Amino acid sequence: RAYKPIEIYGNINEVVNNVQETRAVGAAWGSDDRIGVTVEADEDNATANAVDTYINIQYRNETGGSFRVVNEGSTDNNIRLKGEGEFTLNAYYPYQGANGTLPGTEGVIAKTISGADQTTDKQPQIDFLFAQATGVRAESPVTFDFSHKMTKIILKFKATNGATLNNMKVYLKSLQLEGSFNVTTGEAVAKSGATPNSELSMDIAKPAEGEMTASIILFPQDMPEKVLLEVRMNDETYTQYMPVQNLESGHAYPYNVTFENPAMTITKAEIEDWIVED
């Protein structure tokens, strides 16, 4: 017989600033956000056609956390699970690749992070999310609970004792900028091996109102012992080494960068959950 499609929704686990709490939230998707959905396991049939056809199927955010399958031309790409058994499904964001095949190298997406990736427009393309849903039923709604698998550095700038904040050019040296995201397991990890001469740079504009901050999404990694922060501001160069730590998946690591006239100081703030810009 003809089996109806499954209906897909998505929550993202992150800090909601207006309530100051880590929550599952489905109202924080961008209007054209794309996810890839894979049927991992069919508990009734160990060697079924579902687990073979329904791999990396593209879905688009319709409104809220509600997703609709992407159909270009006269296609019907909906996932139609069959039977009364349970299924395991995986999902990830941002979608890439083709339907029926795992993206990258057997599900492993390689990427080299730069400062150009940290703009408003480009930072969502390296903000890798993963979800796994167990006990999924045929012809039913399923909600994926996505987690941010990357790590984040937040630089919070302040000026005291007569110093003034101006537009900056910020440099972070010796971080591991290359890494990979596995869409099958959700593991996001920086490549092994030290890269002491690596450099990430960004232009940070002095805002008209509020706090001046910079956020850097990176692959999770244990920072090397020496990470230099260089700031070019109002025709002056400030350099200071960072207090280093291990940068884990799903956490934000804020640093208080203060221009105390004349010194630029760096202190580590308390580890946070996934902080987003309001």
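All residue numbers are counted from 1 along the displayed sequence.
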Open item on the list: So, looking at the entry's B-factor column for Cα atoms, which has the higher mean, 64-72 or 49-57?
Closed with: 49-57
Task: Which of 13-21 and 262-270 has higher mean CA B factor, as the PDB entry lists it - done: 13-21
- [ ] Can you pull the Cα B-factors for 145, 84, 187, 127 from the entry and say which is highest?
- [x] 84
Task: Chain-wide C-alpha B factor ranking for residue 77, given as lowest, middle or highest third - done: lowest
Task: Ranked C-alpha temperature factor of residue 31 among modelled chain residues, by third - done: highest
Open item on the list: Splitting the chain's C-alpha B-factors into thirds, which one does residue 211 fall into?
Closed with: highest
TODO: Please rank the C-alpha B-factors of the chain's modelled residues and tell me whether residue 152 sits in the lowest, middle or highest third.
DONE: lowest
TODO: Give the position of residue 195 by CA B-factor within its chain, expressed as the lowest, middle or highest third.
DONE: highest
